[PDB]
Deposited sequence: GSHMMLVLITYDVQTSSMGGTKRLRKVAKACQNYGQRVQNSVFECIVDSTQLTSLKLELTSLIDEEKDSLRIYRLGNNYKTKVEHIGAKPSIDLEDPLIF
């Protein structure tokens, strides 16, 4: 029924900063920002599709990438500071 999904956004620039803000807002609707451009979302199948379409539409595909990991869910270890 519910899935944990990890979204990793590789973004650099003015456009980049703007796109990160938008991607973060879209992911926040379904989860939490755990690093500057890494998001953990908990979603059903319909919500995953909706979110993935939205994220695909927000990035610059020449300059950015996203990876979407379906985790199905084991302690994740966080090492170091933040995020802001």
Parts of the chain sequence, as deposited, that carry no C-alpha coordinates in this structure: 1-2, 15-16, 77-78, 80, 92-100
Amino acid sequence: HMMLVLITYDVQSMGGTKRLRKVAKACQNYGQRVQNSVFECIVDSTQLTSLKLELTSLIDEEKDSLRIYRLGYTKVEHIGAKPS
From here on, numbers count along this sequence of modelled residues.
Higher-scoring stretch by recorded Cα B factor average, 61-69 or 13-21: 13-21
